[PDB]
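One chain is shown next in structure tokens, namely the form deposited in one PDB entry.
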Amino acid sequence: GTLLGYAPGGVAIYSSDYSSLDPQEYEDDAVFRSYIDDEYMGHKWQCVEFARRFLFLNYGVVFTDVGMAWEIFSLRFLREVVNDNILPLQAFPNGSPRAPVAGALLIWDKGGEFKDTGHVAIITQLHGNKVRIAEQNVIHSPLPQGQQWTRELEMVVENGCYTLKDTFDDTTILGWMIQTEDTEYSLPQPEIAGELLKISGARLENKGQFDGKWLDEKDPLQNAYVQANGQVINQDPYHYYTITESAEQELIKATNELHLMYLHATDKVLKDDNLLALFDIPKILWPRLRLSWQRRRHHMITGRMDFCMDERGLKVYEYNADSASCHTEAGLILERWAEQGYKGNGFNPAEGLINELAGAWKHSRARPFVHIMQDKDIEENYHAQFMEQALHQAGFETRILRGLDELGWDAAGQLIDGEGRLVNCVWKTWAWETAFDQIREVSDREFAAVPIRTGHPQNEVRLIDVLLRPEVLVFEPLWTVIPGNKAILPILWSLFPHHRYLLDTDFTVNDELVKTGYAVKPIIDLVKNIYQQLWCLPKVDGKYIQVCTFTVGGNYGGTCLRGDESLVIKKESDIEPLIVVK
């Protein structure tokens, strides 16, 4: 790219002339990711990337990384990065009585000059009747000296209403967005047609594509997967499901927003002992759990959100931020599946998974050498190996520890592995709860802190002795156990009452819950517990399908489907092949 100049605040404007590139460079997709310290801004040097980066550097906020600029007009919040605050963002149509202001996002719908993507610019200066903007991927030649705008648009005020005129004539300006609590004159948030949220069944032409060994056993990752499952993804590989590109766009927005909503709920829980007590976490760990949250809220690498998605809308059921899995099936096995038998133009929405994980690890505070800790269990073998691939791609060295036998302490009481190498950075497949169970009887009135071992007769190291060791940096962080506990659903609801992605939930039976019908779930019959309005999964080609999204560093990492003949998906229920289509 080329530096064209700077918008106010010292924000660089670049040319995204992919032309001057050869396909050999474009093989490493890390060179296209624009970052400011460890915060992903976007793709060099797109319009969306300039807008996030400008808002980030000048105000410390960003907005959900939607695939196309016209999509921004449907967002109703900006994310304050340092504390993850959700700030209200309003939309105003061109011709609005709400005049455009300095710093507003100016959005173009698709069409004309901005054909299929629409566009975004930042309004940088109000020069009387002209509206100066800065933007990327429109101008590609250096700007005059000292000019800190890319284009100037004329604004007309007639009858208390404001109308901007583009410099192009076949385009359509949707309007401007202002971060404010005032909703006067604002557009109500667009609602996706329910029909586009329907999950459809599909069938491949059966030419025996999957009759033999379609996963390669020689690839240790795929063979490890085969050792735990066989040459199998689902019961009938010729059957798969599709969702619309619009549904995926909605899943991408919901994933990002819900992540921030869960962090707010987690913070509300952690600030009140009466709420925290509902999560069944040993009191003795409370100070460390709180400590973890205060300093590592941004250190979560990956999680998984499960939804109910059909013509009625999108509803979250759960968010496992601690021990999420299914990454291998969705990011690797489904790719081989598509390769082997799919020939349409759609795509597997979890295709970008590995790359996204690598970026998270590269921009984390992990140590150079990461010990991967898994249980001696065949499914965990491939999950651990899939993550090891992402770690290596990001530049880390690793050692996989199966069970706890090779761990011991050195003469100074520091944990070491089998090669006598100090252990101080762990990525685990173990659920934290497994570690909690080892000290569930340690009273916080008797002990000042957890009496973990630092030496032992038979050099016997327990899981809890490594995870709670101050010198060991653990992923996922301790605080991640909060999100997945159903005790948080009533809290999430009180913080965002009647949110389009939430289900009415409470600790008591409301009058809303009686009229609506509700499920009683223990901290599971249908009608101390939580009560939630009923909202069962759609049944599609003989199975109840649940839509799942992966979060990676708090952002969307892809989507996959889980299906079952029962109305209740279990951890053993199958991943089903998913293809996103136009």
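A residue's number is simply how far along the shown sequence it sits, counting from 1. Take the two forms, find the largest set of C-alpha atoms that superpose within 1.5 Å, and that set is the rigid core.
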- Say whether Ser443, which has coordinates in the shown structure, is without coordinates in a third or more of the other compared entries. yes
- Query: Are coordinates for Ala12 absent in a third or more of the other compared PDB entries?
  - Reply: no
- Chain break class at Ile523/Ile524 - deposited residues not modelled: 4 to 9
- Interval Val527-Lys528, deposited residues with no coordinates in the entry (none, 1 to 3, 4 to 9, 10 or more): 10 or more
- Residue stretch of maximal mean CA temperature factor, 32-40 vs 59-67: 32-40
- Output the stretch having the higher mean C-alpha B factor in the entry; the candidates are 504-512 and 167-175. 504-512
- Residue selected from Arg296, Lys428, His119, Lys213 by maximal Cα B factor: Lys213
- Query: Out of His456, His259, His327, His392, which one has a C-alpha B factor higher than all the others in the entry?
  - Reply: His456
- Item | Ranked C-alpha temperature factor of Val568 among modelled chain residues, by third | highest
- Task: Classify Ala7 as lowest, middle or highest third according to the C-alpha B-factor given in the PDB entry, relative to its own chain.
- Result: lowest
- By its CA B factor, does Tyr518 count among the lowest, middle or highest third of the modelled residues in the chain? highest
- Sorting the chain's modelled residues by C-alpha B-factor and splitting them into thirds places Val461 in the highest
- Of the three thirds of its chain by CA temperature factor, lowest, middle or highest, which one includes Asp109? middle
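Below, we turn to the form deposited in another entry, even though it does not appear here.
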- Note on the structure: With the core superposed between the shown form and the other one, a CA shift of at least 2 Å among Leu196, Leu422, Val232, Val509 belongs only to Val509
- Item | Large Cα shift (2 Å or above) at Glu329 between the shown form and the other one, core-fitted | no
- Task: Verify the C-alpha shift of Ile123 between the shown form and the other one: is it 2 Å or more after superposing the core?
- Result: yes
- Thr180 C-alpha moves between the shown form and the other one by 2 Å or more, core aligned: yes
